[PDB]
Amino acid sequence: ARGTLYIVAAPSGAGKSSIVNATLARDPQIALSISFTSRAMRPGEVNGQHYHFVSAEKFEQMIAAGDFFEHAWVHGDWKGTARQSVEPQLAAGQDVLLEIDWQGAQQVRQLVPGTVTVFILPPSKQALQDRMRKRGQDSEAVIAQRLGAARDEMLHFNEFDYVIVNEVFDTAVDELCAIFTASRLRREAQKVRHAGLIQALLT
């Protein structure tokens, strides 16, 4: 039986990376996908861990070769999910979580129906920019650019099945765990999981 595809989206600084890492730590049957990008590395990022960093020319070569399940132009740079990160794992029964923008999520919904998509919101407009300040060493000029990019991302929240407002971190983790647990209890997933038991009960 094929694995389930999960998408968690949020503007940067809403805390999706930290919530997802705590959730997958608690729910290890979902594997995290490492995206490719052509944007430059930020301090604290490690190539091969947080992203597969490539040049813009290399990313575009990979586009032409069909290497990407989805890809999109995000904040002036390429971001993308390689086919090797999704299609083989889903066919092998591995659940996969993608952390992508709304453009990539729209492409994925067209390719894989049944994807479970979640959007994470900050608890206030001020809380968003406060979290950007605490995280990086970004100049106030960069922070202003990211906030404008954050509103652009949040304008597409309505495309997602679930919405989490990340006020209390531990609560947001519980709530994402609840969504992942609930998705395994959906009728069609349980029919596969318990085909023999159900066959026995109804005969």
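Note that residue numbering begins at 1 and tracks the sequence as displayed.
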Per the entry, where is the mean C-alpha temperature factor higher: 17-25 or 191-199?
191-199
Which is higher on average in the deposited entry, the C-alpha temperature factors of 86-94 or of 70-78?
86-94
Between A172, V163, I34, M41, which one tops the list for Cα B-factor in this entry?
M41
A178 by Cα B-factor - lowest, middle or highest third of the modelled chain
lowest
For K134, return the chain-relative third of its C-alpha B-factor as stated in the PDB record: lowest, middle or highest.
highest
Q61's Cα B-factor: lowest, middle or highest third of the chain?
highest
Of the three thirds of Cα B-factor ranks in this chain, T115 occupies the middle
Report the third (lowest, middle or highest) to which the CA temperature factor of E167 belongs, ranking only the modelled residues of the same chain.
highest
